[PDB]
Structure formats: structure tokens, C-alpha cells
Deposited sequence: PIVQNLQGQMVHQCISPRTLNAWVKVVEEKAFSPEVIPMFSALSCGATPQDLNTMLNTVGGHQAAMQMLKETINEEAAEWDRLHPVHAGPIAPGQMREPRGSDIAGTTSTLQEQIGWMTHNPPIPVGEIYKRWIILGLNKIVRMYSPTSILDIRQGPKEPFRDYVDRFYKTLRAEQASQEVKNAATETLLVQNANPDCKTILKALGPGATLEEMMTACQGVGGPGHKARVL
């Protein structure tokens, strides 16, 4: 990554073994549960494109997902190039060249180039632009791999309301409803069991989740 040292300058630091292992193990344990995305983002704090590729490339399973992610990346890289075309032919000697989509994705740019963009004044934050693309991809995968429709999360007749709500919002998070506060006074009540539904209906509209959860305790 690029870090500030103990004296203020932005400099390159090797990716730690700790970071490398943390990311690999989160994917091993959680696959594409939605909580993997914020973890990915945090573990990739300060990352260069190189570092991003390293993290992705260290994943051994899930190669259908990694291939889908390459595809998303390629789509975002092609839109980058449409928005910001680069002058072809030879670069002014010693000068910074402008990044293309593939340079941002770290496939046709060197670490040194990446460091130059990222630390230039003003900076071209290639690592953050690429991260956004990867996260866009990752979110598609989380949605695709969501195993259950929100329509099938219904409270069991003996199921504690809290366990139902946990299932419902974990499902909603994966399906990626933006709806989130919203769905509360509608689908969540509809999919509640008969006894709880009666209670919740009686509360009247505008009930907070806390209120709903106390009511159905």
C-alpha cells in the first residue's frame, strides 16, 4: 500500500503477511456473504492496483466468481477509456503518462507508475478507482450467490421474532435492497407469523424496529 510514514511523506510499503492471510481466510470462512465486502475494503486500505490484484489472485476457490469479477472489471475499464481517452504515441521523456483502464486495473502499468499516479500532486487515485470497480463486481457476486429470496423469509410458528428478523435483514442485505428502513413496516410484518402479525398490526403504523421487537418478545 501507500502510507504516510512517521515523517509525512507518502511512500510504498509491502503488503503484510497478516493482511494477506486475513483476506484469504475471510474468503475461506465466509465466501461471498455480504460482510466480506467491507472487510475487503478495509484490508485493502491504501492499496495500489498491484496490491488489489494480489489480494484477488490469492484466492484459490471461487473461480467462477473471480472470472465474473474480471468481466466486470473489463466493462468498467472500457467505460473509463470512453470517458478519458489517452494521447497515443511516445510520452514526453521523464513525464507521467495518463492511465488507461488497464493501467488502473494494474495489468498494463508498473508499480512505479502506480506509485507516481497515486502520489502526484494533484493525485490520480488509481488504487481507489480500481477498488470501486472491484467492489461493484463483488456486490454483483454477493447478490448472485444470495441463497434465499426475501419472499421466502417467513417467521416459523415457534420461531423467536428476533431470529426471524435476523434472517430477514441478513437476506435483504445480500439481495441488496437500498426499502431497508422501508421494508420494515410492510414485508417484515407480512412475513411474521399469525400471533406476531396480530400484535404488530395493533401497534399501528410508524413503529420502530425496537418497538416491534419488544412487542413480539
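No alpha-carbon coordinates exist for the deposited sequence positions 179-180, 220-231, given here in order along the chain.
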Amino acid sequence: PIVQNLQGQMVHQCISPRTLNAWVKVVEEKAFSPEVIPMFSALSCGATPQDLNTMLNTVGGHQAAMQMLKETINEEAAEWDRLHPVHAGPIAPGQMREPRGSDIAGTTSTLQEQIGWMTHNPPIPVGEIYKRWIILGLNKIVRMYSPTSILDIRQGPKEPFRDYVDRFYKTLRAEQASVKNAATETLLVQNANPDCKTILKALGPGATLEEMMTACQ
From here on, numbers count along this sequence of modelled residues.
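Across the other entries compared, none leave residue 146 without coordinates where the residues on each side are present, so it is far from a third.
When the other compared entries with both flanking residues are checked, residue 188 is modelled in all of them, not unmodelled in a third.
Just going by the entry, 15-23 versus 198-206 on mean CA temperature factor gives the higher value to 198-206. Per the PDB record, of the two stretches 103-111 and 116-124, 116-124 carries the greater mean B-factor over its C-alpha atoms.
Across the options 138, 73, 129, 91, the residue with the most elevated CA B-factor in the record is 91. Residue-level inspection of the entry shows that, of 36, 182, 172, 64, 182 has the top Cα B-factor. Residue-level temperature factors show residue 167 in the lowest third of its chain, judged at the C-alpha atom. Per the PDB record, residue ranking by Cα B-factor puts residue 177 in the highest third of the chain. Among all modelled residues in its chain, residue 77 ranks in the middle third by Cα B-factor. Ranked by C-alpha B-factor against the other modelled residues of its chain, residue 41 falls in the lowest third.
The entry lists a Cα temperature factor for residue 149 that places it in the middle third of the chain's modelled residues.
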